[PDB]
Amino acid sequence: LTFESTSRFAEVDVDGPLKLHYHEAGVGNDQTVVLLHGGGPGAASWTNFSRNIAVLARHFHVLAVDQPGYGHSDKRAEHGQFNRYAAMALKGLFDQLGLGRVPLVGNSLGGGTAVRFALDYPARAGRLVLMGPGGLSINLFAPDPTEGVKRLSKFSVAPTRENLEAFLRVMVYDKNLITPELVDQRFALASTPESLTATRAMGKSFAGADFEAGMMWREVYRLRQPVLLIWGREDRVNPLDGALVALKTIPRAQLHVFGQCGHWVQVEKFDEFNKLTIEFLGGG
């Protein structure tokens, strides 16, 4: 399996034509699962889920979607509440590919998008796996913005290699995962004017009149499906106190917490996450 062999585009109508890049793998398998990546500068599906797609594709028909503003998907300068916008695009894509009810796996921003999809198109989302997700998280103890969110903001105002490395280093518990190569790859994608356009837009997108659509912790008591929340204990972007409203109010919630793990569970605990996800979504 490669970036190139798995690569696909579709066009959907979200207030006009919108190009979506996605990867597709395990076309043999009956059970489709959609993967939505995290929302850090230069993130995309292939790199966010590089320790996961090969393993999951042995069990499931994998659709790993570059959310609008990321990877090879369109990067408009203007859009409404990000997770609602990404959810509309994904819904466009589900209609185009003929999908009915499909489980979703989402990290950080992608977990926000998964939850917003599942609330707006309730019959279309099956079981959710959400790792350190935004939107349904409300940090009952951590003063906002968190150290992770501050570093992301500092990069958007001053997009240097140094500010990106400082942001990546609060993503993980073990700093040695943030290798000179990783930083070079992410910085190369993040620093394009198209990406910085997207990165700005996404910032503004959260502080408007539809901020209510970002407070998904008010709405997840309505989710009827099983939902696996996965968190690193040392997550410094969306800390662990942000799991508590969702775990209480989602009737069929489960929570797994990993000690010695930051915001990137799917990377730092890839094997345990792969096995939780495979088991939770039914072995395929």
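Rigid core: the largest C-alpha set superposing within 1.5 Å between the two forms. Numbers for residues come from their place in the sequence shown, where the first is 1.
When the other structures are laid on the shown form by the core, the C-alphas of 128-136 and 199-207 differ in how far they drift in 5 other deposited structures of this protein; the larger average drift belongs to 199-207. The stretch that strays farther, by root mean square C-alpha distance over structures and residues in 5 other deposited structures of this protein after a rigid core fit, is 208-216, when 208-216 is set against 92-100.
Comparing 172-180 with 141-149, the higher mean C-alpha B-factor in the PDB entry belongs to 172-180.
The question of which stretch, 39-47 or 248-256, has the higher mean Cα B factor is settled in favour of 39-47. When the C-alpha B-factors of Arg127, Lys204, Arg101, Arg84 are ranked from the entry, the top spot goes to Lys204.
Take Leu93, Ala114, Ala123, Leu189 and read off each C-alpha B-factor from the entry; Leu189 has the highest. For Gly80, the recorded CA B-factor ranks within the highest third of the chain. Only modelled residues enter the ranking. For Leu109, the recorded CA temperature factor ranks within the middle third of the chain's modelled residues. Annotation for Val55: CA B-factor lies in the middle third of the chain's modelled residues.
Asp66 sits in the middle third of its chain by CA B factor, as recorded in the PDB entry. In the PDB entry, a CA B factor belonging to the lowest third of its chain's modelled residues is recorded for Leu119.
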